[PDB]
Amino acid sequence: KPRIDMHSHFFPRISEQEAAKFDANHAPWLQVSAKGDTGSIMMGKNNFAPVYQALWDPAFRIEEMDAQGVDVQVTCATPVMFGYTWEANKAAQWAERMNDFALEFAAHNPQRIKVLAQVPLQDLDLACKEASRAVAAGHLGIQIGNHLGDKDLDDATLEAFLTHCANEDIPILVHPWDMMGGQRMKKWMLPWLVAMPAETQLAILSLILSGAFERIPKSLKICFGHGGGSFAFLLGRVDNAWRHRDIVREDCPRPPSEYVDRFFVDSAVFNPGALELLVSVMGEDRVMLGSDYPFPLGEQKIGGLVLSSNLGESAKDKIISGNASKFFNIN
């Protein structure tokens, strides 16, 4: 404290009516109960997901932000409302509305509620254009899904989007999404426990092993959700492959582990042993506090894992505050 939570999500107060004007049965809208405190995300006229009032409603969130030790919270879209599968124009039309909706959300208090914007990533131009229009309008950066939906980061198109954002000092949060294991992982929220970490790790490696970091300006500010999934733990596995296989080493001139200095992670790894190794790999300068609020699989006690750790005080302040102040340029 100043305490920054850079990983959380919102959903806009849109009517099914307005949603249908985009798509009648594939654009998400928000159903609210009589007594406000509950509701649900809807796809068609049929329920999609039940949802906490904290997801929308900036006023209710602030009270929770006060109850948590949380001064500033960055929030961006729920992966559902991405729409990387729609027509390019309908998506870019949709993109702008959510981003304006996000600012109507951060209008309730623009000091404590910062917002990242979404792009139509299926269309490079519109994506790049939407990004600058939104960051200039007051969004602090961009949140993208981690793939789309079959050729991963590394794809020269997505590399180009990263160059655009890097050239204009646009910060990126990369979020795992649209996993991933097919017709498996049906129970116990397995996609969140197995697939999400894997997606996130895939995205990172796809940048390192393609040698994308050799072509992208160091101006690139890029953060990866959920501690970078399983990346930090499996890194030694990767270096070993790099050392014994020409194919792993062909587009990657340095040991993959060299590249940790070209990206950020959030701290959401839910375990002191694991947070320690994450910092050991990433450096205290490259780990930012994120909660994944207000999702049940997020951190309930926001900052509790960091504050309670055997990390230095120097390290704690950077993670809780220092790193996100510079990354997003917040003061």
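Numbers for residues come from their place in the sequence shown, where the first is 1.
The mean C-alpha temperature factor is higher for 120-128 when 180-188 and 120-128 are set side by side.
Mean CA temperature factor is higher for 41-49 when stretches 41-49 and 301-309 are set side by side in the entry. If you compare the C-alpha temperature factors of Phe270, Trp56, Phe264, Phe295 in the entry, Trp56 comes out highest.
Of the candidates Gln201, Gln143, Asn167, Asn146, it is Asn167 whose Cα B-factor is highest according to the PDB record. Among all modelled residues in its chain, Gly290 ranks in the lowest third by Cα B-factor. When the modelled residues of the chain are ordered by their C-alpha B factor, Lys90 lands in the highest third. Annotation for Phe82: C-alpha temperature factor in the middle third relative to the rest of the modelled chain, per the entry. Among the modelled residues of its chain, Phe213 has a C-alpha B-factor that falls in the middle third, as given in the PDB entry. Looking at the C-alpha B-factors along this chain, the one for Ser230 belongs to the lowest third.
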